[PDB]
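Student: Numbering (the UniProt record's numbering), first residue to last: 6 to 525.
We put the beta carbon where it would ideally sit given N, CA and C, even for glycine.
Here's a structure for you.
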Ligand SMILES: O=c1ccn([C@@H]2O[C@H](COP(=O)(O)OP(=O)(O)O[C@H]3O[C@H](CO)[C@@H](O)[C@H](O)[C@H]3O)[C@@H](O)[C@H]2O)c(=O)[nH]1
Ligand SMILES: [Mg+2]
């Protein structure tokens, strides 16, 4: 039959059409327990292939290779394929099963979310259950067309995948609520209203506050970020950003993957410029939360609680989490910290300063140090301004900017109205850098990275090859066992690929984010 023909052709391709042994005899002797799925793990680049190549150089190669492959397929590869193991995971399991044929180091001790990463493949994850989140900032609009179309494109392409959607009914007017419910019914989507969830999570009040405070420093992406760490909302399948495409070629037929931790995230890594004292590059793992996988396991709730306790701590005192951000160098931040202002008041105050259309208000907000930096002033220039600021009106301050640095605005200094706009525009260049950490380091991937162990814990001296990748260093352990993006069928552009050089990240940084409030 064509099935046997297809299998045989795949096998001969995998083993490089070698004539050093008789592949017909070998194929015939293995075919009783050989599937297309297993043959992938015999290909060049695999541990199994590497072992075969060394056996070819020794005596009795025909028999030794048959004995090796029969056992490797029966005991390691085929069981791995059925369980949803990746090629990396199968390579490791083969190396472990055949220490006489493959020299390797032991699994290093790596801690991720308070848990030692395992190579047991014991945590199981469903790829056919997907949850996304949409909180509308416009009461008349349940969801924009882009997001509706994204969900349809996932539903029409795939059943029988279960699609769950968290939203807020309180954010929608009655018509929009009816439309949301109608949409979800038509698309066979399980709807979850965040307004009435039963949970004891400390994150739940914070989510409700983020949404209640829209227009007053709340943020719907921050609300969405926090939902992902409540066990009543997420306990199996994947979280995926609502608009992530599915890569059909990556769908696993058993709809199951595994990992070495009970919660996996989107990961990559960045190889640094050389650092002191040996002029060597460092590999630093990077992570994102646009794809999260949750194991069907009690340990999932345990790990999630560690992260939730960290996020609660950040919300309760955000100034530590923000200590190294641009905003931390402003007078406004220092005042807020002394006053114990909350995250909403911090975000709203920043937005207010940049909506003020006032250089004087911007000065009071930034303080002299950051005002100096933003407007590229000399120390003597900012000293004079700061000494006399209690006497200035708006025009007085503009006159000093014009005298001190007309080049910044290409000597368009004769029209004061235009000059003011140009200086305000220079300041607005920095708004995104001030604002984004107020989500990223608070509820976002910055906070989560820290919750799970922080940079130091995920950064190591860069080391390369040789041969098939094995989990024998910390970044390789995370790459093999902890990365939801590689294993899942969802497409992301949020972060660098694994082992990307810092000078060529190839990540688009978008300007008009959905969750950045405008400042004009
Ligand atoms: O009006 C909005 C806007 C955003 N969101 C939520 O926020 C998520 C991210 O919004 P997106 O426009 O994709 O922003 P990005 O900056 O591209 O998102 C990144 O940064 C966010 C904040 O940390 C994270 O929530 C995302 O997972 C991450 O991909 C969405 O999927 C929604 O869940 C809403 O619910 N309502
Ligand atoms: Mg996005």
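Using beta-carbon positions only, say whether residue 45 and residue 84 come within less than 8 Å of one another.
Tutor: No, Cβ-Cβ distance for residue 45 and residue 84 is not below 8 Å.
Student: From the DSSP output, which residues share a beta bridge with residue 232?
Tutor: DSSP, once it has assigned bridges, lists no residue as partnering residue 232.
Student: With 16 other CB atoms within 10 Å as the buried threshold, where does residue 4 fall?
Tutor: Any question about residue 4 goes unanswered here, given that the chain covers just 6 to 525.
Student: Name all residues in chain order for which at least one heavy atom of ligand 1 lies closer than 6 Å to the residue's CB.
Tutor: Going by the Cβ distance cut-off, the answer is 138, 139, 140, 142, 225, 226, 229, 230, 246, 247, 294, 295, 444, 445, 449, 499, 518, 519, 520.
Student: Given 8 Å as the limit, is there contact between the stretch 440–447 and the stretch 264–280, that is, 3 or more CB pairs closer than that?
Tutor: No contact exists between the stretch 440–447 and the stretch 264–280.
Student: Inspect the CB distances between the stretch 110–119 and the stretch 222–235 and report whether three or more fall short of 8 Å.
Tutor: They do not touch, by the three-pair rule.
Student: Can you give me the start and stop residues for the alpha helix (DSSP H) that residue 41 sits inside?
Tutor: Element bounds for residue 41: 41–44.
Student: I'd like to check one pair, residue 195 with residue 1: are the Cβ atoms closer than 8 Å?
Tutor: Lying outside 6 to 525, the shown extent of the chain, residue 1 is not represented and no answer is given.
Student: In terms of alpha-carbon separation, which member of 11, 69, 68, 76 lies closest to residue 38?
Tutor: For residue 38, the nearest C-alpha among the options comes from 76.
Student: I believe residue 235 touches residue 130 by the beta-carbon criterion, under 8 Å. Please report the beta-carbon distance rounded to the nearest angstrom.
Tutor: Their Cβ separation, rounded to whole angstroms, is 18 Å, which puts residue 235 and residue 130 out of contact at 8 Å.
Student: In angstroms with no decimal places, state the Cα-to-Cα distance between residue 394 and residue 520.
Tutor: Answer to the nearest angstrom: the Cα atoms are 34 Å apart.
Student: Less than 8 Å separating the beta-carbons of residue 43 and residue 82?
Tutor: The answer is yes: Cβ separation under 8 Å.
Student: Mapping DSSP to helix, strand and coil, what is residue 392?
Tutor: It is helical.
Student: Please classify residue 96 as buried or exposed, where buried requires at least 16 neighbouring CB atoms within 10 angstroms.
Tutor: Under this definition residue 96 is a buried residue.
Student: Quick test of your reading: residue 290 and residue 495, contact by CB under 8 Å. State the CB separation rounded to the nearest angstrom.
Tutor: About 19 Å; that fails the 8 Å criterion.
Student: May I ask you to list the residues that DSSP assigns as paired with residue 134?
Tutor: DSSP lists 167 as partners of residue 134.
Student: Cα-Cα, which of 397, 432, 399 is closest to residue 414?
Tutor: Of the listed residues, the one whose Cα sits closest to residue 414 is 432.
Student: Do residue 164 and ligand 4 come close, with the Cβ less than 7 Å from some heavy atom?
Tutor: This structure lacks ligand 4; its bound ligands are ligand 1 and ligand 2.
Student: With a cut-off of 8 Å on the beta carbons, I'd call residue 311 and residue 450 a contact; round off their distance for me.
Tutor: Incorrect: roughly 16 Å between the Cβ atoms, too far for contact.
Student: Which residues in the same chain as residue 466 place their Cβ atom closer than 7 Å to its Cβ, once the five residues preceding and following it in sequence are excluded?
Tutor: Taken in chain order, the residues that qualify are 285, 287.
Student: Checking 8 Å against the spacing of the C-beta atoms, do residue 88 and residue 133 come in under that value?
Tutor: Contact flag unset, no.
Student: Over what stretch of residues does the beta strand (DSSP E) that includes residue 271 continue unbroken?
Tutor: 268–276 is the span of the beta strand (DSSP E), which, as asked, contains residue 271.
Student: Since residue 336 is in the alpha helix (DSSP H), which residue starts that stretch and which ends it?
Tutor: Its alpha helix (DSSP H) spans residues 336–344.
Student: Which residues in the same chain have their Cβ closer than 7 Å to the Cβ of residue 241, if we skip the five residues on either side of it in sequence?
Tutor: 131, 134, 299, 301, listed in sequence order.
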